[PDB]
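One-letter residues, chain by chain:
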Amino acid sequence: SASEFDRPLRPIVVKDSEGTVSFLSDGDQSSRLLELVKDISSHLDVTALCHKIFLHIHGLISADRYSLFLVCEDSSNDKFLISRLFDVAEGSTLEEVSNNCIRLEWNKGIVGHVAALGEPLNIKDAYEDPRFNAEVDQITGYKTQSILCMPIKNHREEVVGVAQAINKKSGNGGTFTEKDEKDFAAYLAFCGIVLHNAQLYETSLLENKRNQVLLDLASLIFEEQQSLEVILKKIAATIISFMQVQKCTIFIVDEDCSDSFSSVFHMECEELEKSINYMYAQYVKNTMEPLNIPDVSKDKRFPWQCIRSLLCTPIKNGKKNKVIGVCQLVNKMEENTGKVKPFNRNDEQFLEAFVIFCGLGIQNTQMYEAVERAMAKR
Amino acid sequence: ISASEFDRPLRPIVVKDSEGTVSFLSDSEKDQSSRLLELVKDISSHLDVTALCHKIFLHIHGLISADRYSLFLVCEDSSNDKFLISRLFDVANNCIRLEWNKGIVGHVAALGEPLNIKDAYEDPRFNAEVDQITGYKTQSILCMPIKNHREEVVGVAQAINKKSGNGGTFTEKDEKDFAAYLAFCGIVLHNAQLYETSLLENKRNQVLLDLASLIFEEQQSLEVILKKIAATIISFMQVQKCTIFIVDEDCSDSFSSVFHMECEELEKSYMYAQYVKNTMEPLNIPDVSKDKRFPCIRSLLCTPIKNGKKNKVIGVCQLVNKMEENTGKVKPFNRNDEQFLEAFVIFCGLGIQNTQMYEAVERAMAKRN
C-alpha cells in the first residue's frame, strides 16, 4: 500500500511529442579513516549503513552521548530528519532502537537548523543556545554541556544527515577541539556520499515495487472483463485498499449520449459495494484533466464522515481521446491515525497509471456487455 | 528495446504461490595513505558503471608508472557465464572481450590472484603474436584482480612495462599501492553494478507494463490480438518465428487454431506445441535436431499460455532461432529469454481467454444468422 512509496520518485508514465503516452522511460589516522570507509562502503542498505555509521562515530571522537539523524523527504518535497539512533540514559531500556523515533521538522531544533543551513556547530554551553530545548535535559536530570552537531552531505553538498556528539568526555571539564571537528567532519564527508548512494538504490527498489504492484493490479482487473459491476468492484476494492482512502466512486460516461452518466459505482472503505453529487465528475469530464483538492471547504471553484480531500481522475480509452469514465477518490487517511491528509504527488501519479488499465478494461467490458445486448434482440 | 539488453542475472520476474497464482511481487522487499582517500572519495560518488570505469582508468595511471594501462570489467548473462569486457585499454570504436579463463587477465580473473611478471616472454600464459604484429615488445606485467567485499572478482586491471632508470621489474611495493586502490574499486564497482541491475529490473517492468497496454487495447478477435502479440514478441525477443497455438475451446486435446508469423510481416493461417500442451511447462531445445522428435528450426522456445486460475492451458506460444544482434547468427534460448516469456505469457493468457469469451457470443449469434 501506497504510503511506503511516499518519497519523491520519477513519473510512472511518460509522454512524448504531443505526448503519445508510454511506460518505458529512460599517517595512522588517515590509515584508520580508510579502514572505516571500507567498512561502510560496501553497504547499500540505509538501515544497515546507518547502524554502521552510528557505531563508527562512537570511537571516532570522545564524548558521552551520540546521535545520528537521517534527512527524509516525502513526495511533496517536504523534508525532515528522524532518528532512532539516539544515545540515552545509560543502563536503562525497554529496547534499544526502542520502538521509538525522534522526528524534527526542517529548520527547527539545533539539528533542524544545522540541516537547513548545512554548517557545523560547536557549542560550549547548550544553555546559551536559543534553540537548545532543555525539556529532555530537565525531565531526566542529564546535564547537556557541550554539543558537536555537524551536517553530513553528499558530493553535491546536499545535506543528507546530521550527526552530533554531546558532552566531551574529559577530566579537565572541557570542550570540542578544532581538531575534533576535523576528524568528525572528515569521516562524515565519506558517509554523506555512501549514504546518498544508499538512498538512490532504495529509491529504485521502491520504484520497482511500485511497478510490480501496478502489474499485479493489471492482471487482477483484466481477469474478467464481462460484467461492468464485476470489474468496477475490483477497481474500487483494489484502490480504496492501496490508496488508503475512504470512498471511491466510478462514473461511466454514457456511450450514446456522450454527455452524461449511464452507470455509477460507489464503495465505502468498510467493505460494502452497491450502485448523487456529479459536480466534480462533470468538471473533470468537461475539463479532461485531473482534479486535486486538499480540501473543498476551501476551494473557490465549487459551491461548498464528510468530504474533505478530493483526487478525482478521468478514465480515457485506447486511442486516447474520449473520456469514457471518471474516478473519484475521497479522503486519503494518514496511515494509522485515520486523520485525513490531502492526496500528494505519489497518489496522483499511481492513479494516473492505474486508470490507463482501468480504461482498457472498462472499455472492453463494455464491448462485451454490448454484444450481449445484440444477442437479446432475438 | 530488446530482450537482449536485459541478458544478465535478475530477480525472478514472477513468484508463484502455494497453489497456482503467479505474482509479480518479487524479492521480499521494501603516506599516500591520505592521498588514497582523495581517490576513494572521488570514485565513491559514482554509480554509473561507465563513468566509474573511466574514473578508475585515470586513477590507475597516476598510481603505478608504466607504459600501457588497461582495466577489465567482469560480466555475466542470464546463464551465469562470466566474460570480461574492456574499452579502456592502452593501445597507446572497439571493445575487447575475453572468455573466462583465457589470457593472463582471464586467468587472474578466474583465480583472482595477481600475476607480477618479470619477463613476459617466459610466462607460459603470454603470447607474442601481437607484440610481433605491431612492434611493441611486452616485457613486464602487473595484472591485479578487483574484488568486491565478498571476495568475488568484479574486474581486472593491469599495467604493462614499468618506467625506469635501471630497467624495472614491478616493485614488491607497486603491487601494494595498487591492490590497495583496487580494494576500493572492488566495492564501489560492485554497488554500481548493483544499482544498474536494479535500474534494469525496473525497465523490464515497463516493457511488460507497455506490452500489456498493447495487448488489452482491443480484445474483440483472436486474429487481431495474436498479430499484436506475435509482432511484438518477435522484435522484442529477437527471433525469426512466433507461433501461437490455441487449444480447442470445445474439448480439448485439439487445437482450435493457429496464428504463425515470421519476422518481416503478415501472411498466416507442428509437433512441438503438442508436448507443452500435455506437459504443461516451458520447453527449451538448444538444438532442435538432438532430442525426442526426429527432424532451419534450430532452436526452440515454447511456453504455455495458461488461464484465469492458471491450471488449464488456454493456448501455446513458440518461437524459433534466437539470433544475437550484430550478426543474425542463430543461437539457443537462456534464462532471460524464458523469464520474459514466462511473464509475457500471463497477460497473453488473460488477453486471449477474454477474447475467446467474446467470440463465444459472436458464435452464439451465428446460430440464428
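Rules behind the numbers
Residues numbered from 1 in each chain as written, not as in the entry; some residues may be left out. Chains lettered and ligands numbered in written order. Heavy atoms only, no water. Pairing = 2+ DSSP bridges. Helix = DSSP H or I, 4+ residues; strand = E, 2+ residues; numbered from the N terminus. Axes fitted to C-alpha atoms, helices over the stretch in contact; angles between N-to-C directions. Contact = heavy atoms within 4.5 Å. Polar contact = N/O pair within 3.5 Å; in protein donor to acceptor, adjacent residues only side chain to side chain. Core = buried A, V, L, I, M, F, W, Y, C linked by side-chain atoms within 4.5 Å. Buried < 20%, exposed > 50% of the residue type's maximum accessible area, 1.4 Å probe, protein only. Buried area = accessible area lost by both parts, 1.4 Å probe. Salt bridge = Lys/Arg side-chain N within 4 Å of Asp/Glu carboxyl O. Domains from an automatic or database assignment. Patch = residues over 30% accessible without salt bridge, like charges linked within 9 Å, V, L, I, M, F, W, Y side chains within 5 Å. Areas by Shrake-Rupley, 256 points an atom, 1.4 Å probe, with all protein chains shown as cover. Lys, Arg positive; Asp, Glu negative; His and termini not counted. Charge placed at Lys NZ, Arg CZ, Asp CG, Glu CD. Parallel < 35°, antiparallel > 145°, perpendicular 65-115°, else oblique. Left-handed = near helix turned anticlockwise from the far one by under 90°. Nonpolar A, V, L, I, M, F, W, Y, C, P; charged D, E, K, R; others polar.

X-ray crystallography is the method the PDB entry lists for this structure, together with a resolution of 3.10 Å.

The PDB entry lists chain B under the name cGMP-specific 3',5'-cyclic phosphodiesterase, from Homo sapiens.

Chain A appears in the PDB entry as cGMP-specific 3',5'-cyclic phosphodiesterase from Homo sapiens.

Quick question: what am I supposed to make of the sheet that holds strand β5 (residues 102-104) of chain A here?
Hydrogen bonds between backbone groups are what pair the strands of a sheet, and the pairing can be parallel or antiparallel. All names here are of chain A. Strand order in the open sheet made by the 6 strands is β5-β4-β3-β8-β7-β6, with antiparallel pairing throughout. Strands at the two margins of the open sheet, each flanked by one partner only, are β5 and β6 (121-123). For this sheet, the mean angle separating the axes of adjacent strands, direction not counted, is 20 degrees. Relative to strand β7 (residues 147-153), β6 runs antiparallel, the two sharing 3 bridges. Paired with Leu121 across the strands is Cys149, a residue of β7. Contacting β6, β7 and β8 (159-166), helix α5 (residues 178-222) crosses the sheet at an angle of about 30 degrees to β7.

Please explain the environment of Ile117 of chain B as it appears in this structure.
Considering the arrangement of structural elements, one finds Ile117 of chain B in strand β6 (residues 115-117). Setting aside chain neighbours within four positions, we find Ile117 of chain B in contact with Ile104, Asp123, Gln139, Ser140 and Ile141 of chain B.

Explanation requested: the environment of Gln220 of chain B in the structure shown.
Within the secondary structure layout, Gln220 of chain B lies in the loop between α5 (174-213) and α6 (222-237). Setting aside its immediate chain neighbours within four residues, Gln220 of chain B contacts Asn364 and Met367 of chain A together with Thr355 and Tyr358 of chain B. Of note is the side chain of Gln220 of chain B, whose polar atom sits 2.8 Å from the side chain of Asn364 of chain A.

Just to check I follow, could you spell out the nonpolar core for this structure?
In globular proteins that are soluble, nonpolar side chains generally tend to be buried together. Counting 88 residues, the largest nonpolar core has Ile235 and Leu329 of chain A together with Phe347 of chain B as its most contacted members. If one sorts the elements of this core by residue count, helix α8 (residues 335-362) of chain B sits on top with 10 residues. Contacts of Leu329 of chain A, omitting those with residues within four sequence positions, involve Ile239, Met243, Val245, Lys247, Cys248, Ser309, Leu310, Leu311, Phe343 and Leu351 of chain A. If you look at the next biggest cluster of nonpolar residues, it comprises 70 residues, including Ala163 of chain A together with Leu39, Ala66 and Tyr69 of chain B.

Is there a simple way to think about unusual backbone geometry in this case?
Only a minority of non-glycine residues have a phi that is not negative, and only a minority of peptide bonds are not trans. The phi dihedral of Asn167 of chain A falls on the positive side, at around 65 degrees, and the residue is not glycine. By relative accessible area, which is 10% here, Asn167 of chain A ends up buried. Even without being a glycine, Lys310 of chain B presents a positive backbone phi close to 70 degrees. Structurally, the position occupied by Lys310 of chain B is in the loop between β12 (300-305) and β13 (315-320).

Help me out: how do you make sense of the interface of chain A and chain B in this one?
Many structure descriptions define interface size as the accessible area lost when the parts assemble. Contact residues are listed per partner, giving 57 residues for chain A and 56 residues for chain B. Both faces combined, the contact of chain A with chain B buries some 5,200 Å², and carbon together with sulfur accounts for 61% of it. The interface formed by chain A and chain B holds 2 salt bridges in total. Residue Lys203 of chain B pairs with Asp26 of chain A through a salt bridge whose shortest N-O separation is 3.8 Å. Listing elements by their share of the side of chain A that touches chain B, those giving two or more residues are α1 (30-41), α5 and α8 (345-375) of chain A. In terms of residues, the side of chain A that touches chain B owes the most to one element, α5 of chain A, which gives 21 residues.

What is the right way to read the domain arrangement of chain B from this model?
Residue and element names in this part refer to chain B. Domain annotation for chain B reports domain 1 (1-29 + 219-369) and domain 2 (30-218). At the interface, 28 residues of domain 1 touch 21 residues of domain 2. For the pairing of domain 1 and domain 2, the buried interface totals around 2,500 Å² over both sides, and the portion due to carbon and sulfur atoms is 66%. Looking only at domain 1, the three residues that lose the most surface to domain 2 are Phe6, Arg8 and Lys228, adding up to 24% of its buried area. Taken together, domain 1 and domain 2 are joined by 2 salt bridges. Of the charged contacts in the structure, one is a salt bridge between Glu201 and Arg11, with a shortest N-O distance of 2.9 Å. On the surface where domain 1 and domain 2 come into contact, there are 6 residue pairs in polar contact.

I would appreciate a short explanation of a positive patch on the surface in the present structure.
Where like charges cluster on the molecular surface, the positive patch consists of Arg378 of chain A together with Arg363, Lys367 and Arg368 of chain B. Position of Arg368 of chain B relative to the elements: it lies in the segment after α8.

I keep staring at the side chain of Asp337 of chain B and nothing clicks. Help me out?
Residues and elements named next belong to chain B. Counting through the fold element by element, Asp337 comes out in helix α8. Residue classification places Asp337 among the buried positions, given a relative accessible area of 2%. Separated by 3.5 Å, the side chains of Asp337 and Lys322 make a polar contact. Contacts of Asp337, omitting those with residues within four sequence positions, involve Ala3, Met237, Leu301 and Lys322.

What exactly am I supposed to notice about the pairing of β13 of chain B here?
Residue and element names in this part refer to chain B. Burial of β13 is extensive: 6 of the 6 residues sit out of reach of the surface. Neither face of β13 is exposed, since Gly315, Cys317 and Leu319 on one face and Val316, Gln318 and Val320 on the opposite face are all buried. In terms of strand pairing, β12 meets β13 through 6 bridges, oriented antiparallel. Directly across from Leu301, in β13, lies its bridge partner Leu319.

Please explain the packing of α5 of chain A against helix α6 (residues 228-242) of chain A as it appears in this structure.
Angle between the axes and distance between the axes are the two parameters that describe a pair of packed helices. All names here are of chain A. Where α5 contacts α6, the two axes come as close as 10 Å, and the packing angle between them is 155 degrees. Relative to α6, the element α5 is oriented roughly antiparallel. For the crossing formed where α5 meets α6, the hand is right-handed. Of the residues in α6, those in contact with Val213, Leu217, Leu220 and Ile221 of α5 are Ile231, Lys234, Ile235, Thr238 and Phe242. Taken together, the residues that form the contact of α5 with α6 break down as 7 nonpolar, 1 polar and 1 charged.

Sorry, what's going on with the domain arrangement of chain A here?
All names here are of chain A. Segmenting chain A into domains produces domain 1 (1-26 + 225-378) and domain 2 (27-224). The centre of domain 1, based on its C-alpha atoms, is set 40 Å off from the matching centre of domain 2. Taken together, the contact between domain 1 and domain 2 spans 30 residues of the former and 21 residues of the latter. By the criterion of area lost to domain 2, the three top residues of domain 1 are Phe5, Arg7 and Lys234, representing 25% of everything that side buries. Across the salt bridge formed by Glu224 and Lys234, the nearest N and O atoms sit 3.3 Å from each other. One can count 8 residue pairs in polar contact joining domain 1 with domain 2.

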